[PDB]
**Q** 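For reference, the structure I am asking about is given below.
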Amino acid sequence: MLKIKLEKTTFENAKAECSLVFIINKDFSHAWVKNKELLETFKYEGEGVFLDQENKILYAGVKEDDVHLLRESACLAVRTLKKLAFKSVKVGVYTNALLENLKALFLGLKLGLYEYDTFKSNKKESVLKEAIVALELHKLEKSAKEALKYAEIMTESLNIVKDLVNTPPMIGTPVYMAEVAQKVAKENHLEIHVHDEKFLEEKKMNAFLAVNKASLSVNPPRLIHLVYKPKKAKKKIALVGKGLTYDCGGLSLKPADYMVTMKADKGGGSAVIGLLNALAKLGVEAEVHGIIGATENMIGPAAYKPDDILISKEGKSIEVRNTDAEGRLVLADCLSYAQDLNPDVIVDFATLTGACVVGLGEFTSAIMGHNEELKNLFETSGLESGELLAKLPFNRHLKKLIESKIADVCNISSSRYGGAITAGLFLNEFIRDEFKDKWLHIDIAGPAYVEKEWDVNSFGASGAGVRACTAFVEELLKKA
Amino acid sequence: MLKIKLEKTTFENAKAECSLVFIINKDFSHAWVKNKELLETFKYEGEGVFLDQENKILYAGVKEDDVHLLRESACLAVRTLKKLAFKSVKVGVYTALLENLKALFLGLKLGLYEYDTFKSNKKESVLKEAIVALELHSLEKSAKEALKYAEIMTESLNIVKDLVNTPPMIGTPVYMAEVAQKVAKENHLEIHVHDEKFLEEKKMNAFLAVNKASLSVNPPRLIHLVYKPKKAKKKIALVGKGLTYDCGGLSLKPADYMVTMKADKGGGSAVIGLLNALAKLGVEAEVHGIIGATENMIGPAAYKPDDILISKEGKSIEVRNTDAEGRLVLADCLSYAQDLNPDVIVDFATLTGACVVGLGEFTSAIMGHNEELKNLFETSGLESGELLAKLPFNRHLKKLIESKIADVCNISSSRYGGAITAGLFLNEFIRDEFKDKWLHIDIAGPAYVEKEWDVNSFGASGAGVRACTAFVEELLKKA
Amino acid sequence: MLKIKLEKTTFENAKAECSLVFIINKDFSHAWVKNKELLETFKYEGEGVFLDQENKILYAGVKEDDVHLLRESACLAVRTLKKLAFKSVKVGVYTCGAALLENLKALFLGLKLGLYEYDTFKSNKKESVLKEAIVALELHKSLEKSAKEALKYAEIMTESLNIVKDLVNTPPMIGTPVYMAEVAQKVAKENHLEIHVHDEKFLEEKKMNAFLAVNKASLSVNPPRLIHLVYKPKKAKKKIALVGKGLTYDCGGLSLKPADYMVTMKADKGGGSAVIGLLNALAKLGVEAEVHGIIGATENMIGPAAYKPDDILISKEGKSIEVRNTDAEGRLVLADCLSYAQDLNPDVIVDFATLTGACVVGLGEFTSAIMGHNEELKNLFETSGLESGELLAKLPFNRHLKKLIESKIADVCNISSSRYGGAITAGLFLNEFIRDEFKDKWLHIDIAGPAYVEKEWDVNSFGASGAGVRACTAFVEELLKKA
Ligand code: NA
Ligand code: NA
Ligand code: NA
Ligand SMILES: [Zn+2]
Ligand SMILES: [Zn+2]
Ligand SMILES: [Zn+2]
Ligand SMILES: [Zn+2]
Ligand SMILES: [Zn+2]
Ligand SMILES: [Zn+2]
């Protein structure tokens, strides 16, 4: 809740309790650097932050003239000030290019306040409450206002997602996800449907139901369906999300080291809820459907099993060989329900595979699908939004590794290599021909939840997928 | 090899002891399908091969009208006929025309390859020739061009494959050098073969560290091939990991992961084959092939987790795992490569398991800074029939190879991003003035695979050779 | 080194390019807190350091009035100042809960230790501008004589510690057993000590086959060294033998260590290294005792000549040893070196070894284990050692543990038959090689935890700590007091 006040005034004349000045690429020459000697004395060379005490100026380093590094720096700056006693900070303006840099600056600043400290007995309300932005170029009023609108909506949407994903699993049940979705629907006047295991049975979503069987009597599943219907709809978009509120691996039980952080296996479903908040408040011209399959994957005497053969809603049978490959079962059924809506575009988000993380690192999501133009659009837009992405290619050799001797498809690969992609090729088996060129699969298993601070993300949930998909939709609608 | 004869005749008039007919996308309607009824009776629907016994016609299915699937079926067809009694097969011409003809002739030829040297039941094939009727399903010009590529590329691939398949007691660093010597003699190439004393003079201590355990058994070799044509539009350095065996070192591999490590020399072998291909194709570029050859063995002299190595470039390396040895060898070989002032540097290595986990066994990773250069390699490589993907660097991953007691650590602090942090390790040894001239290709996946797939027999594939050849040809076009 | 200058003046009139003031227990009331308002505005509440830029004052928090936290904070202050542009810092004299002498020692040693870091191989490494601390002889709450005594201790102990740390931090390709002998030779030359460096033939003649078995794998690459340093003062009240495990690298042998466990094994020479540093310290402190430093140096490598599970070795002492795991090699080298040590007929024998993983599992990374039979001797080492700033714990033998190192085909086994009590059963194994006439004169110190830690803690930088040197030094001094 960092308020940003835009003011038609010079940086020098603007009034706040302290000052923020960015040092881009180690350039200390600007007028705003009031006491350069002080920096020399204490050897500040532009890496990280430095507080001039006398002048009450916080300097924040930006290693290269780069919009993404500016976003990071702004976040680090406000993180720093949050611990101090200044109620307000003033900052000059740093910079299509102008709009993107103002978005980065304002979003950066606002995300600086976030941390998941709900359970800390020492949590303190920040004194820092406002950033005063002097509308004057470091090197317009229309752009600032637009950027500020984005920053407020995106900050709110990301923090919704981050709060949901960070919520511990005894609390963050499938029912709890549905409640978060209800608030978002009520806030934006959206249509929402919340289906239970009875609906799932009716629609023959037996893959989804299988995953939930261990825990049905404790925490029943929810299929959550949000709809944003605007005045003008240029496209119909289905966003499909894995809402595994806890994943212990089922009977194929995860080792202890790997079960921690599995409250974040609802990262994909949570991003979809945040995406409907963001896309509705931005008022995009598209009918957007947010579909979340929510359940735990627990172990117990009613668990689904290695050797079970499940009949998916689409009709294809699935040999289960490992119950820890559960996200793709839930997704198989949720994608089927999505396709019944006849959307122009389907994007699914999932913390699907460990192999993705092994391949791309913790900070980068994978993009899969058939339509290269579509995959490129999502990548380019996503990269610009500040998310790290990489396309991973299908091939015919990988496709063969998910065959089953006794079912239509196996829920794991016969090889220990290519897991993220064979997982995407599993999902493909349930994408109808007439949707294969309209479909994107985004595996956010890495950056959805990371146990350290990085970029604009505090320890834990990051809200991965939200910015990227928002940018993707906006660019898509520009062509439409 | 498979002799391919180009004849200006109709398919019908051409003569051979059997016929090969491709069935594209289940189209059985063509005149060359002599007896449709037979195929109906025996339920042949165009998947794989089917042999018309009376007419002596082998049908080979191509699932889609696709040049790469054609290359695959052509290989399967010859594999099938290799076990039969026909000395010759005739085939029509299938169709851009150039790539199709290249795919056809290459695929046909590769169908004969099997690593069967140590098999006691091996017989010589009866099949010697494919008669190609120059008739579509000038032409002769394109055909003669595709056949020249096919012959050079088959030869080049089989050089790489025989070398990679050679078991480690035989395929020593010295053995690699001898193979490189042969290629240089056949191609009138300049060649230098340096030993551990040269390494020592050049202060290539990361390289030497990996070899220390086994120095007294099989000494290391730095192999330097040079192709220098009449006209050189570019200077190109090709740099290969030549680990002729990798047991992991003191960080010993589990038994399950040590099998196939004779193929840790896949990158170095690719480079040897590339100089064969690029010299015989007569490309207008000066090409240097640089191969760092050694084993990574375990013993009382092995370099150790906790060793801190001074690279030739001068940066220090904290060793935390002796099974990340390839990047040490390459660190020094890249430094040697850069002294040559090349316009382009590409390295090939079977570098990381994480690459394989990430992309699957059939696909190589492309890393670097220059997007235009990576894109050229990717696009040309895919067209050559190799599977590739670009993997992106980022600033977060770069932090993971930091060391508290050296300039860089030879492993990442994270379990995640292995192939890429290995790429970022290599990057610390690429001078600023070469960072935009550099490609890193991780072929740990497709270099060696324990089954047949596409045009590849069990074992070595020759991965990297086709993709880099196409990359070079495309590159010189723009120069 | 950080030059310390003692000056007879007030803190205020002393001159330096910056000041250091400790803030104890969040009390900001002292006159040396020049601008108290500044600290409030920027929410400095006494945790860690805070720099008053305008006044050039570094505050360093000391959570309680405690001599050990003072030592830690001093170190932090100088670590912080090392990265700045000040050539000199001035500080006053602090007397926390120790006494004046121990507080002076803490302050001066902490300050000096703040400069250490193992950065030899770093390319970015730069010399620090910070060269001196000006100590103004004025109490925060004979002073000069005590300060001179504390300064000498801090000077000798800093030097001794950094010798151990440089040696332990040295990577294994370089830090061979021969390299260990060379460092010992330098120490000997510097201090005019007797030194003997025995090779594998001496080991052979003395029938030290446990020692030799460990070395067999790597004999042809790096021959072993038995290092024997001797400090002989005019007046010696006691003969003290210090015995150290000098495994310059331990890959585990044929019982190969997992990869994640083989890293840091350059530090398996921590015990031997501490003994080398201990002779430097004790000679320069001029202690009144004949001190022997015995170091068994070798690698424990894998190879075709490596000693094996099922090998049965005849120790120098005569007892046969069933080997069931080659990664329990330190106790074999120590069996033979302890035997050698007892041949000196010392009054006290202390061995130091990075001996067991179980010790670390038991006490944590920061604490050493003390074993032996003589409770009073054990207590002297513990108390002395704690006061010196090392963390320590006595671990008790018992008869049930002793049975677990029995062998069906030899006199003793080099591992226990149980997964439990590893550090203690290793100590009981050592005991089998301690003659009856030395059982009440023997201490075994397992420094497997603190000798090497992969982070900064207390006064120790990433890596080697020099664990054991401060503790043993204090123990010898206390011992000689009563003698
Ligand atoms: Na994650
Ligand atoms: Na492979
Ligand atoms: Na330790
Ligand atoms: Zn799972
Ligand atoms: Zn899951
Ligand atoms: Zn390796
Ligand atoms: Zn390797
Ligand atoms: Zn050991
Ligand atoms: Zn040891």
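These values consider heavy atoms only, across backbone and side chains, with no hydrogens, waters or symmetry-generated copies. Numbers restart at 1 for each chain; the letters A, B, ... are given by sequence-line order, proteins then strands.
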**Q** Return the OG to NZ distance between A/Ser415 and B/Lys451, rounded to the nearest 0.5 Å.
**A**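 One gets 7.5 Å once the value is rounded to the nearest 0.5 Å.
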
**Q** Chain B heavy atoms under 4.5 Å from A/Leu389: which part of the residue, side chain, backbone, both or neither?
**A** backbone

**Q** Counting heavy atoms not belonging to B/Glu47, are there more than 12 under 6.0 Å from its CD?
**A**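 No - once you tally the heavy atoms of other residues, nucleotides and ligands closer than 6.0 Å, there are 12 at most.
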
**Q** Is B/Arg415 positioned over the aromatic face of A/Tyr258, cation under 6.0 angstrom from the ring centre and no more than 45 degrees off axis?
**A**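 The answer is no, since B/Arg415 fails at least one limit relative to A/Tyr258.
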
**Q** Less than 3.5 Å apart, which donor and acceptor atoms pair up between the side chains of residues 354-366 of chain A and the rest of the protein, not counting sequence neighbours?
**A**
residue: A/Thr364; atom: OG1; partner: B/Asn394; partner atom: ND2; Å: 3.4

**Q** Is the number of heavy atoms from other residues, nucleotides or ligands within 6.0 Å of CD (B/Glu450) greater than 12?
**A** yes

**Q** Nearest 0.5 Å, what's the CD-NE2 distance between B/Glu72 and A/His397?
**A**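 Rounded to the nearest 0.5 Å, the CD-NE2 separation comes out at 6.0 Å.
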
**Q** Find the one option among B/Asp454, B/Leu391, B/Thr421 whose heavy-atom pairs under 4.5 Å with chain A are most numerous.
**A**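 With the most close heavy-atom pairs to chain A, the winner is B/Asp454.
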
**Q** Quick check on B/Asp436: does its CG atom have over 12 non-hydrogen neighbours (other residues, nucleotides or ligands) under 6.0 Å away?
**A** yes

**Q** Can you see which heavy atom on A/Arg396 is nearest to which on B/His68, and at what distance?
**A** NH2-O, 4.4 Å

**Q** Determine whether more than 12 heavy atoms belonging to other residues, nucleotides or ligands lie under 6.0 Å from atom NZ of A/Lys391.
**A** yes

